[PDB]
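To start, the structure itself, in structure tokens.
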Amino acid sequence: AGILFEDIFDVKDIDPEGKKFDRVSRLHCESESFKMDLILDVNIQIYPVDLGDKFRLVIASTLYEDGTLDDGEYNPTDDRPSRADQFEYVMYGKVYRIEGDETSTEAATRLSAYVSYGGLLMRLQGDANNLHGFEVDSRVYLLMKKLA
Amino acid sequence: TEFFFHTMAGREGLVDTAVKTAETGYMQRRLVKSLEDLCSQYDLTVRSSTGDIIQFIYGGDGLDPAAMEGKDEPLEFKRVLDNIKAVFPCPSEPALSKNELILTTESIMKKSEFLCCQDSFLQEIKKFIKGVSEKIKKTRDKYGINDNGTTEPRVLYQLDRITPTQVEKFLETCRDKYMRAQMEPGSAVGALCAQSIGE
Amino acid sequence: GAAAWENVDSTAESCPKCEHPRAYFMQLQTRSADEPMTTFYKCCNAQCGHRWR
Amino acid sequence: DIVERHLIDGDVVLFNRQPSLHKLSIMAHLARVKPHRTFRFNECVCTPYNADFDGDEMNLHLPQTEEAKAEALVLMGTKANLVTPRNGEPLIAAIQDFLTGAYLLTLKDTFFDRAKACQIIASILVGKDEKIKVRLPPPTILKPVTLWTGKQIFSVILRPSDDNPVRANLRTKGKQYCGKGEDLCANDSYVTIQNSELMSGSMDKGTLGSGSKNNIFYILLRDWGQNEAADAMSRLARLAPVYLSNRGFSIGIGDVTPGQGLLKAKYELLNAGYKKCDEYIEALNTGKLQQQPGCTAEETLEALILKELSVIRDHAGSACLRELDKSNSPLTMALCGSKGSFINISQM
Amino acid sequence: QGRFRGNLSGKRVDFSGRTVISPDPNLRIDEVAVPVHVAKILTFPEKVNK
Amino acid sequence: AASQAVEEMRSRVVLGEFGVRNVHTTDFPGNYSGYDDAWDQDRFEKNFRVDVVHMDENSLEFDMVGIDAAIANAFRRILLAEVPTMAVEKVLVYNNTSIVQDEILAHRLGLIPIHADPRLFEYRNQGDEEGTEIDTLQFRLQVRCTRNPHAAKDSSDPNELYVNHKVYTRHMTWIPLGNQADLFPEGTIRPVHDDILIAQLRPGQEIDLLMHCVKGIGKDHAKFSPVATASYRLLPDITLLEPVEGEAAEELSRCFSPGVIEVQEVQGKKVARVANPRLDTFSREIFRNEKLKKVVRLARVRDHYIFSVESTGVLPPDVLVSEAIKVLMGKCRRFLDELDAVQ
Amino acid sequence: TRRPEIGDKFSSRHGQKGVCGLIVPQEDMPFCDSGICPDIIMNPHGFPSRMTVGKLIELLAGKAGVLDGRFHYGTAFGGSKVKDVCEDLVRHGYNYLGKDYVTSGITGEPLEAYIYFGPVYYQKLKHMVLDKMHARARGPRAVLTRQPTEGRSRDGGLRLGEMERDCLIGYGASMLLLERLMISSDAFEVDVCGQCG
Amino acid sequence: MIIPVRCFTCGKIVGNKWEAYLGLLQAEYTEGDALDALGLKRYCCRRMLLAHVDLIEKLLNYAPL
Amino acid sequence: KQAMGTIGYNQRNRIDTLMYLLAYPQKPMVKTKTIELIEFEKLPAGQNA
Amino acid sequence: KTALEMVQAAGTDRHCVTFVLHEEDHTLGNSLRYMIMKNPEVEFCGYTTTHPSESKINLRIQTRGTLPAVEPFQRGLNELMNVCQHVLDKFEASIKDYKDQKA
Ligand SMILES: [Mg+2]
Ligand SMILES: [Zn+2]
Ligand SMILES: [Zn+2]
Ligand SMILES: [Zn+2]
């Protein structure tokens, strides 16, 4: 399995700075298992969300569960059993920044991963143990599925 | 009344520009007629038409103002370092510590091609290398990164990641840019200065 | 005096240099060749002393 | 033998404007013959010539010597004079209808399907770009709907083909940058490009215009030569108009009309300013007025009245900017810096 | 209009034209469009070689 | 939900207060996961239909359901420019003493439509200004204005003082060439409107000219355009999110077109409902009322295009649409033949 | 008899002088629901820098007038207000702000933003490209100084003034300057005696 | 000078509806109702007919004749 | 001051060194009272498009 | 001489083909683009105009696998011809029944 990260998050705010964009919103989410905060740009026109929504999010290296990392080109017309069949909102991006936390002057253990899904910003911040496998200039798949 | 005042302001601006155009045209004519004799020779000394030297070196250093990337500075070391790290990311090479970075910088700078370079640019390169090494040291002290390369979280090595290949690429790029940004002999520096002052 | 110097409208704005609230703006329209107008903003709230166009 | 041949394609030709301020007012270009009767060139070079296409006449000279032709093509080449010798700032860059087009293209709201994205990409595949691969980038969103964002389409301009060695990298701030986001601004005004791919931020005059340093075209010129920068500028000039025409950008009387809250705020500010000015007049005429240092009492009153009027002006402008909604053409052109500013909007 | 300023420093030449400009974004930055009528007038001397 | 939003994006075009959304055609394979938008001739022939709602002389209006925006725009542009007709091209003048300029007179004569059937003629080859019987027509115009021998003493109006002072297009006399008189019956080759005012004359002035007309397409010049206004619009479909009654129903009826929203008294109270969304022009006046913004949803059907074609009178508009489709088929066949010749 | 082409200068009764950049066919012009295609398409970017709201007001008044068959007045410090023309527009079934739903003629798809249509009184200026187009061969020269004449009606050539010489000096093109100012302008071969000079 | 035959924007035949329009001016019809009765739905033909000035007779008054 | 349009009712018999005339001049739809005062609508110098 | 083919480079690769079409405009270009876009074996389809002065267009086709990108061209042409024939027949039948029911 190429699952680099997987966690269930709950939304705490939809637009802290106002309705800037009509189609994209800046959701802030907190995890229950760990203290992993997520600031993610999402498309509400095609995938509507609410304030009290809770969703499972998985960041994977590849879209195929069998472990085949052959992602030279993606053909949407091809039909084959993939991980996206088990989720509802799949994005494709690249981890373009890994930044350490500057709030803690000493004994800091928190990092943050900045990923640009075609311009849509995603900051995943939390303990460095959960961010294992994240490297710069690495293209990944985000899979979000709303829960009951 | 407001329309009349706005028309007054517009006519004032128009006559101001009309006088400014003529005044600057005359000033530019005088400046170019006075400065058209200077030229950059091959011995890096700006001399007049009669052979008298105006400057032993243009601008004190000898860099092309048209090829000035920074604010009156030849290169922006931060942007060049970021570009070198982005264009040539080496995933099969480990990161460098402060001591290793200083050692490889001192070993590369002492080569033959860096001898002909100016001393001020080498001092600036050394200062930037010392600064980035201090930053890496502070990061590794904050996050407890060990220089041996056996730390369990490898993502910690992605905060300030530097490899000797990127160091060599950055140094070679800086040297090439500093060599190509120098004043080319034969350029009419006086006319360029007159125009860049008159415009 | 700083109180007498701050005889200007600019208060609690955002500058592209240090985004401090207190500022000092000046607008110039005395050029017909430049179709747009001309701005001069200064921001010395934290003793920065910026002066740009 | 000597043959006085007609002006054909490929001949180096000098092009100049009569009022010359700097050396960039005259440049040697390559002549291409057209059936029309006017001198046509890329608008990105309008800034050196300081032209505005309002009936200005320009001169066109043809050298009669191979040495002169070669010296004109080399020294006065357009690709070799992309920056002025005054301060090194690039003058040949994006201009109006190119800054606004690229800004609207790189907006976060942009989401294009396969057909529209392919059309916008192919809109530049003319000339020397007819012998390169398209390199259609992978889509961002694919499970609900396969949509290509405008930022990827803009980055295609930087790296059209696979064999293109251009790797553009830039990290700078925009005009509407807050100052605290540090690539997480709510307005998305932090430009970050890695490997010729627009990761964040929106294009504007601060990044595509001819204002100062940190221009993406300037970075391309300083990193990968003149030819790559020229090709990128040509692709931008061929892409931005097509998308701007296919999307639509218009200004109407409804884009400059004031709102009810704006009118109320303006009325309150005018009343307050008039009351304060009357108080100052009464204080100076009848009684003693606090005289500002370095000036007389009359100049003090003049400065106070100017300050009150400027307060009214700036507060009305802030109220109008706050009450205006997005997708407003004047506000959009003011944000990207293509033409106008907030002061002109507040005045109009 | 003297000899130095009107006939030595700046003088009129042939093989040149003057025309109004118009925008055309479909051309490169180093390229300029020339009308057919002016192109037939401004000639270039090419030497016959192999 | 998400499926409803996807269907609204792929089937409807929503018009907002500040801008229009979902304007791009996206029903293509690979863009949608739960939809197989691959090309299918059977489904296209099943869903497509044409319904004419109004057809009179020089005017046609018909709705096409199932066609796309690309083919619709192609048909519109072919009708506007790529439909060949007959128009005046050459003007031979013999002693024009009129005040109107000769070039202006020729330009006005060129804009006059001809009722000749363009399918019965051919394109004139390069050159050949003399013209042949197949690919040209001749119209003689000879008007000599003179004073009226019998008129009142004052005769302030020019109609009584002079005769033939206004050279209408009815004075044009068609001159048959070769065997065109036998092929074309008398009265077929004539000006369309027969009342177009070409110029105005005075006694002493004379207008003598011959007009040579050849076949040509509207792309070369606008005088060959057979259609005056040939356009298409998306069919509006106004929907009500919540039932609106009371005086708000009258407000809805007054904000939109008078013929789309109708008020009815089902239980003694006035309630508004969509009667005929075709008559609506989408003036977007409902956005002015603050309360009535969130109660309606203006939209356009993506796969339903109402074509309105008003011609100049050269030929009926149905034959114009048929000839446009035939020209498109001919272009496709020419390209297929070229491709086959290449391979 | 001259037809507008590329290079003809046009005005719009508001100081917005312009030159015809491209002549697109009718099918390439966008169309509204009624089928009207515009004759002139002007750049909106000229509005913010110049603040020509009077042009928008004139356009709205002209649209209202051609809709209701009236002649609105643009009298200074008065005239028809915006509310009256807005009511006239809303009465005839058109938008109260001039912006109308317009479909792109090229792609056949509707535009995301409404287009501001309306009748504007454009006036053509005497500045024509045909009269201003000039090209100079070798041609004649002046008797006093063997250089091309000045004016276009006199078959004159262009003048490389002092500023052009300054630019050529700044570029450093010595051979180009020599060819322009010596070879192609007033080249001659004289005979000088090496004894007396 | 004279009423053009074709409209500038659309191209509808309008030269034949000029004198009749003048008749509607000789009658009690106003401008708007006359332009409506002539069959001009779009405002382009309305502008073409309304904003047109009849200068042909003013020139014929100076004609040689 | 440089606008093109009709000069007067005797522009045909007038013979000047340079004259510019418009084919189909049209009076403006938005006319000022000064236009009616100077009778410019009788001699327009532009077209409504 | 109307439609001419061009390979992507000197290697003569059939995956990326460019068809230069003469005496055409946006009409047929957009029609063929829409008709060949629905082909599942086409990765990239795009038409453009070189210059408004000259009457020519350039279409570019890039397939998924090893298709010569010439067969999808003929497929799209035949599909467009069939669509035109079908719409012509439907319009003729509609006009005929309208004339029948009107009288
Ligand atoms: Mg100008
Ligand atoms: Zn600040
Ligand atoms: Zn001697
Ligand atoms: Zn019309």
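Ligands are numbered from 1 in the order shown, residues from 1 within each chain, and chains are lettered A, B, ... in the order they appear in the structure tokens.
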
Please report, as a ChimeraX atom specification, each residue of range 56-135 of chain B to which DSSP assigns alpha helix (DSSP H) when run on this structure's backbone. /B:77-87,98-109,119-135

Produce a file of the selected residues containing C-alpha atoms, as a compact mmCIF listing (two decimals), in the first residue's frame.
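Contents of out-v4.txt, freshly written:
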# COMPACT_ATOMS: atom_id res chain seq x y z
CA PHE B 77 22.30 34.60 -3.06
CA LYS B 78 19.00 33.45 -1.53
CA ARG B 79 17.17 33.25 -4.87
CA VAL B 80 20.14 31.60 -6.59
CA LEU B 81 20.43 29.02 -3.81
CA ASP B 82 16.70 28.28 -3.99
CA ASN B 83 16.90 27.89 -7.77
CA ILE B 84 19.89 25.55 -7.47
CA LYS B 85 18.09 23.45 -4.85
CA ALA B 86 14.95 23.30 -7.00
CA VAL B 87 16.50 22.57 -10.40
CA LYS B 98 27.59 23.16 9.26
CA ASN B 99 31.16 21.87 9.49
CA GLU B 100 30.84 19.79 6.32
CA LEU B 101 29.34 22.74 4.43
CA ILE B 102 32.14 25.06 5.54
CA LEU B 103 34.74 22.43 4.64
CA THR B 104 33.38 21.81 1.14
CA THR B 105 32.96 25.55 0.53
CA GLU B 106 36.58 26.22 1.52
CA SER B 107 37.74 23.28 -0.61
CA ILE B 108 35.85 24.43 -3.71
CA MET B 109 36.66 28.15 -3.38
CA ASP B 119 37.85 39.42 -3.35
CA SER B 120 34.65 41.23 -2.34
CA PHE B 121 32.43 38.70 -4.13
CA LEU B 122 34.32 35.83 -2.49
CA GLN B 123 33.86 37.47 0.92
CA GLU B 124 30.13 37.86 0.25
CA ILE B 125 29.92 34.20 -0.78
CA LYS B 126 31.72 33.19 2.43
CA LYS B 127 29.35 35.35 4.49
CA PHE B 128 26.28 33.80 2.85
CA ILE B 129 27.68 30.30 3.35
CA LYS B 130 28.36 31.05 7.03
CA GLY B 131 24.83 32.40 7.42
CA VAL B 132 23.15 29.39 5.82
CA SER B 133 25.37 27.06 7.87
CA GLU B 134 24.34 28.86 11.06
CA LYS B 135 20.69 28.53 9.99

Would you write out, as a Markdown table, a table of all residues in chain E that have an atom no more than 12 Å from an atom of ligand 1, listing for each the closest atom pair and the distance in Å to one decimal, considering only C-alpha atoms and all ligand atoms and ordering rows by chain and rising residue number?
| residue | atom | partner | partner_atom_place_in_ligand_line | distance |
| --- | --- | --- | --- | --- |
| E:20 | CA | ligand 1 | 1 (Mg) | 10.4 |
| E:21 | CA | ligand 1 | 1 (Mg) | 10.1 |
| E:22 | CA | ligand 1 | 1 (Mg) | 11.5 |

Give me a file of those residues, with N, CA and C atoms, as a compact mmCIF listing (two decimals), in the first residue's frame.
# COMPACT_ATOMS: atom_id res chain seq x y z
N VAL E 20 2.07 54.79 -39.62
CA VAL E 20 1.34 54.64 -38.37
C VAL E 20 1.42 53.19 -37.91
N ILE E 21 1.35 52.98 -36.60
CA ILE E 21 1.47 51.66 -36.00
C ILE E 21 0.09 51.15 -35.59
N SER E 22 -0.02 49.83 -35.48
CA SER E 22 -1.23 49.16 -35.05
C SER E 22 -0.85 47.87 -34.34

Name each residue within 7 Å of ligand 4, counting only C-alpha atoms and all ligand atoms, as a PDB file with N, CA and C atoms, in the first residue's frame.
ATOM      1  N   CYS H   7     -28.277  48.012 -43.177  1.00  0.00           N
ATOM      2  CA  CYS H   7     -27.935  48.439 -41.828  1.00  0.00           C
ATOM      3  C   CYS H   7     -26.481  48.100 -41.524  1.00  0.00           C
ATOM      4  N   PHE H   8     -25.848  48.931 -40.694  1.00  0.00           N
ATOM      5  CA  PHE H   8     -24.427  48.750 -40.411  1.00  0.00           C
ATOM      6  C   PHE H   8     -24.177  47.483 -39.603  1.00  0.00           C
ATOM      7  N   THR H   9     -24.988  47.245 -38.572  1.00  0.00           N
ATOM      8  CA  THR H   9     -24.748  46.105 -37.684  1.00  0.00           C
ATOM      9  C   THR H   9     -25.290  44.808 -38.280  1.00  0.00           C
ATOM     10  N   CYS H  10     -26.602  44.750 -38.514  1.00  0.00           N
ATOM     11  CA  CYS H  10     -27.215  43.507 -38.968  1.00  0.00           C
ATOM     12  C   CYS H  10     -27.194  43.384 -40.486  1.00  0.00           C
ATOM     13  N   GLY H  11     -27.738  44.371 -41.189  1.00  0.00           N
ATOM     14  CA  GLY H  11     -27.847  44.318 -42.630  1.00  0.00           C
ATOM     15  C   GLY H  11     -29.256  44.203 -43.168  1.00  0.00           C
ATOM     16  N   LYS H  12     -30.270  44.490 -42.356  1.00  0.00           N
ATOM     17  CA  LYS H  12     -31.644  44.449 -42.834  1.00  0.00           C
ATOM     18  C   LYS H  12     -31.886  45.566 -43.843  1.00  0.00           C
ATOM     19  N   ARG H  42     -35.343  45.110 -33.333  1.00  0.00           N
ATOM     20  CA  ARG H  42     -34.034  45.454 -32.801  1.00  0.00           C
ATOM     21  C   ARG H  42     -33.791  46.957 -32.902  1.00  0.00           C
ATOM     22  N   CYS H  44     -31.091  48.559 -33.601  1.00  0.00           N
ATOM     23  CA  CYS H  44     -30.117  49.027 -34.583  1.00  0.00           C
ATOM     24  C   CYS H  44     -30.804  49.694 -35.770  1.00  0.00           C
ATOM     25  N   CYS H  45     -31.857  49.072 -36.302  1.00  0.00           N
ATOM     26  CA  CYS H  45     -32.603  49.695 -37.391  1.00  0.00           C
ATOM     27  C   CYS H  45     -33.320  50.952 -36.916  1.00  0.00           C
ATOM     28  N   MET H  48     -30.758  53.530 -37.010  1.00  0.00           N
ATOM     29  CA  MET H  48     -30.431  53.846 -38.396  1.00  0.00           C
ATOM     30  C   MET H  48     -31.454  54.799 -39.000  1.00  0.00           C
TER      31      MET H  48
END

Neighbours of residue 154 in chain D within 8 Å (only C-alpha atoms; same-chain residues fewer than 6 positions away dropped), as a ChimeraX atom specification? /D:102,105-106,198

Generate the output file for the selected residues, C-alpha atoms, as a PDB file, in the first residue's frame.
ATOM      1  CA  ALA D 102      -3.226  36.232 -16.906  1.00  0.00           C
ATOM      2  CA  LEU D 105      -6.591  32.889 -15.820  1.00  0.00           C
ATOM      3  CA  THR D 106      -4.557  32.092 -12.690  1.00  0.00           C
ATOM      4  CA  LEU D 198       2.775  27.796 -10.753  1.00  0.00           C
TER       5      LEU D 198
END

Show me which residues sit within 6 Å of ligand 3 when counting only C-alpha atoms and all ligand atoms, and put them as a PDB file with N, CA, C and O atoms, in the first residue's frame.
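New file part-v8.pdb:
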ATOM      1  N   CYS G 193      45.073  66.858 -51.589  1.00  0.00           N
ATOM      2  CA  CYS G 193      46.505  66.887 -51.859  1.00  0.00           C
ATOM      3  C   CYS G 193      47.272  66.661 -50.562  1.00  0.00           C
ATOM      4  O   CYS G 193      47.028  67.343 -49.562  1.00  0.00           O
ATOM      5  N   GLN G 195      50.291  67.382 -49.933  1.00  0.00           N
ATOM      6  CA  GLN G 195      51.341  68.368 -49.708  1.00  0.00           C
ATOM      7  C   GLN G 195      50.826  69.596 -48.964  1.00  0.00           C
ATOM      8  O   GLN G 195      51.364  69.958 -47.912  1.00  0.00           O
ATOM      9  N   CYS G 196      49.792  70.247 -49.495  1.00  0.00           N
ATOM     10  CA  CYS G 196      49.245  71.446 -48.876  1.00  0.00           C
ATOM     11  C   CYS G 196      48.022  71.170 -48.013  1.00  0.00           C
ATOM     12  O   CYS G 196      47.659  72.019 -47.190  1.00  0.00           O
TER      13      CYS G 196
END

Using only C-alpha atoms, find which residues of chain F lie within 12 Å of chain A and jot them down as a PyMOL selection string. chain F and resi 1-10+16+18-19+21-22+28-38

Would you save the residues from that selection as a JSON list (two decimals), in the first residue's frame, using N, CA and C atoms?
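Output file selection.json follows:
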[["chain", "number", "residue", "atom", "x", "y", "z"],
["F", 1, "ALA", "N", -27.56, 17.69, -3.80],
["F", 1, "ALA", "CA", -26.36, 16.94, -3.45],
["F", 1, "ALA", "C", -25.29, 17.11, -4.52],
["F", 2, "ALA", "N", -24.30, 16.22, -4.51],
["F", 2, "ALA", "CA", -23.22, 16.29, -5.49],
["F", 2, "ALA", "C", -23.72, 15.90, -6.88],
["F", 3, "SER", "N", -24.55, 14.86, -6.96],
["F", 3, "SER", "CA", -25.08, 14.43, -8.25],
["F", 3, "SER", "C", -25.96, 15.51, -8.87],
["F", 4, "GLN", "N", -26.76, 16.20, -8.04],
["F", 4, "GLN", "CA", -27.59, 17.28, -8.55],
["F", 4, "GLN", "C", -26.73, 18.42, -9.09],
["F", 5, "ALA", "N", -25.65, 18.76, -8.39],
["F", 5, "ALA", "CA", -24.76, 19.81, -8.88],
["F", 5, "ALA", "C", -24.07, 19.41, -10.17],
["F", 6, "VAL", "N", -23.65, 18.14, -10.27],
["F", 6, "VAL", "CA", -23.02, 17.66, -11.50],
["F", 6, "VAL", "C", -24.00, 17.73, -12.67],
["F", 7, "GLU", "N", -25.25, 17.31, -12.44],
["F", 7, "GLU", "CA", -26.25, 17.36, -13.50],
["F", 7, "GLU", "C", -26.56, 18.80, -13.90],
["F", 8, "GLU", "N", -26.62, 19.71, -12.92],
["F", 8, "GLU", "CA", -26.86, 21.11, -13.22],
["F", 8, "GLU", "C", -25.71, 21.71, -14.02],
["F", 9, "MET", "N", -24.48, 21.28, -13.73],
["F", 9, "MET", "CA", -23.33, 21.79, -14.47],
["F", 9, "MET", "C", -23.30, 21.24, -15.89],
["F", 10, "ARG", "N", -23.65, 19.96, -16.06],
["F", 10, "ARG", "CA", -23.56, 19.31, -17.36],
["F", 10, "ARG", "C", -24.80, 19.49, -18.22],
["F", 16, "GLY", "N", -25.70, 34.17, -12.98],
["F", 16, "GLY", "CA", -25.65, 34.82, -11.69],
["F", 16, "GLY", "C", -25.87, 36.32, -11.77],
["F", 18, "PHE", "N", -23.60, 38.64, -10.97],
["F", 18, "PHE", "CA", -22.40, 39.30, -11.47],
["F", 18, "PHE", "C", -21.77, 38.60, -12.67],
["F", 19, "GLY", "N", -22.00, 37.30, -12.85],
["F", 19, "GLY", "CA", -21.42, 36.59, -13.97],
["F", 19, "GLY", "C", -22.13, 35.28, -14.22],
["F", 21, "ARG", "N", -22.13, 31.21, -15.08],
["F", 21, "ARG", "CA", -21.35, 30.04, -14.72],
["F", 21, "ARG", "C", -21.80, 28.84, -15.54],
["F", 22, "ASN", "N", -20.93, 27.82, -15.58],
["F", 22, "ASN", "CA", -21.20, 26.58, -16.29],
["F", 22, "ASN", "C", -21.51, 26.84, -17.77],
["F", 28, "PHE", "N", -17.97, 15.16, -22.36],
["F", 28, "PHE", "CA", -16.98, 14.44, -23.14],
["F", 28, "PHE", "C", -16.43, 13.26, -22.34],
["F", 29, "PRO", "N", -16.03, 12.19, -23.01],
["F", 29, "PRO", "CA", -15.51, 11.02, -22.29],
["F", 29, "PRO", "C", -14.23, 11.35, -21.54],
["F", 30, "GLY", "N", -14.17, 10.92, -20.28],
["F", 30, "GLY", "CA", -13.04, 11.19, -19.43],
["F", 30, "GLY", "C", -13.21, 12.37, -18.50],
["F", 31, "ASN", "N", -14.19, 13.25, -18.76],
["F", 31, "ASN", "CA", -14.41, 14.38, -17.87],
["F", 31, "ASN", "C", -15.29, 13.98, -16.68],
["F", 32, "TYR", "N", -16.22, 13.06, -16.90],
["F", 32, "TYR", "CA", -17.13, 12.61, -15.86],
["F", 32, "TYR", "C", -16.90, 11.13, -15.56],
["F", 33, "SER", "N", -16.94, 10.78, -14.28],
["F", 33, "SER", "CA", -16.71, 9.40, -13.87],
["F", 33, "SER", "C", -17.96, 8.55, -14.04],
["F", 34, "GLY", "N", -19.06, 8.95, -13.41],
["F", 34, "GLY", "CA", -20.31, 8.23, -13.47],
["F", 34, "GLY", "C", -21.11, 8.44, -14.74],
["F", 35, "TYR", "N", -20.53, 9.04, -15.77],
["F", 35, "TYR", "CA", -21.21, 9.28, -17.03],
["F", 35, "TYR", "C", -20.31, 8.84, -18.18],
["F", 36, "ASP", "N", -20.88, 8.07, -19.10],
["F", 36, "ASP", "CA", -20.17, 7.61, -20.30],
["F", 36, "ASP", "C", -20.57, 8.54, -21.44],
["F", 37, "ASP", "N", -19.81, 9.62, -21.61],
["F", 37, "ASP", "CA", -20.10, 10.63, -22.62],
["F", 37, "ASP", "C", -19.45, 10.32, -23.96],
["F", 38, "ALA", "N", -19.12, 9.06, -24.22],
["F", 38, "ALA", "CA", -18.57, 8.67, -25.51],
["F", 38, "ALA", "C", -19.59, 8.89, -26.62]]

Neighbours of ligand 2 within 7 Å, counting only C-alpha atoms and all ligand atoms, as a short mmCIF file (atom, residue, chain, number, x, y, z; two decimals) with C-alpha atoms, in the first residue's frame?
data_model
loop_
_atom_site.label_atom_id
_atom_site.label_comp_id
_atom_site.auth_asym_id
_atom_site.auth_seq_id
_atom_site.Cartn_x
_atom_site.Cartn_y
_atom_site.Cartn_z
CA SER C 14 -1.97 48.06 4.63
CA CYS C 15 1.34 48.65 2.84
CA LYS C 17 6.39 46.58 2.75
CA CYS C 18 5.63 46.10 6.46
CA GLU C 19 1.77 46.10 6.60
CA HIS C 20 1.75 48.39 9.63
CA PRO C 21 -1.48 50.34 10.34
CA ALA C 23 0.99 55.19 7.19
CA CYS C 43 5.24 53.58 6.73
CA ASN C 45 5.15 52.86 12.57
#

List as CSV every residue of chain G that is in contact with chain H, defined as an atom at most 10 Å from one of its atoms (using only C-alpha atoms), together with the nearest atom pair and the distance in Å rounded to one decimal, sorted by chain and then rising number.
residue,atom,partner,partner_atom,distance
G:26,CA,H:9,CA,8.8
G:34,CA,H:42,CA,7.0
G:35,CA,H:10,CA,7.8
G:36,CA,H:10,CA,6.1
G:37,CA,H:9,CA,5.9
G:38,CA,H:9,CA,6.2
G:39,CA,H:9,CA,5.9
G:40,CA,H:9,CA,9.6
G:62,CA,H:47,CA,9.0
G:63,CA,H:43,CA,7.9
G:64,CA,H:43,CA,9.4
G:65,CA,H:47,CA,8.6
G:66,CA,H:47,CA,5.4
G:67,CA,H:43,CA,5.7
G:68,CA,H:32,CA,5.7
G:69,CA,H:32,CA,4.4
G:70,CA,H:31,CA,7.5
G:71,CA,H:51,CA,9.1
G:118,CA,H:44,CA,9.5
G:119,CA,H:47,CA,8.1

Give me, as an MDAnalysis selection string, all polymer residues having an atom no more than 10 Å from residue 10 in chain C, counting only C-alpha atoms and skipping those fewer than 4 positions away in the same chain. (chainID C and resid 6 14 21:26 41:43) or (chainID D and resid 307 310:311 314:315)

At a cut-off of 9 Å, list the chain E residues touching chain G, using only C-alpha atoms, as a list in words.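 Residues passing the distance filter: residues 5, 6, 7, 8, 9, 10, 11, 12, 13, 14, 15, 16, 17, 18, 19, 20, 21, 22, 23, 24, 37, 38, 39, 41, 42 and 43 of chain E.
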
Tell me the residues of chain D close to chain C, meaning within 9 Å using only C-alpha atoms, as a ChimeraX atom specification. /D:173-180,292-293,303-304,306-315,339-341,343-344

Let's see if you can do this: from backbone DSSP, list all strand (DSSP E or B) residues in range 9-257 of chain F, as JSON, numbers by chain. {"F": [12, 13, 14, 15, 20, 21, 29, 32, 49, 50, 51, 52, 53, 54, 55, 56, 59, 60, 61, 62, 63, 64, 65, 85, 86, 87, 88, 89, 90, 91, 92, 93, 113, 114, 137, 138, 139, 140, 141, 142, 143, 144, 146, 147, 162, 163, 166, 167, 168, 173, 174, 175, 191, 197, 198, 199, 200, 206, 207, 208, 209, 210, 211, 212, 213, 214, 215, 216, 227, 228, 229, 230, 231, 232, 233, 234, 235, 236, 239, 240, 245]}

For chain B, which residues have at least one atom within 10 Å of chain G, if we go by only C-alpha atoms? Write them as an MDAnalysis selection string, please. chainID B and resid 3 25 28:29 32:33 36:37 39 186:195
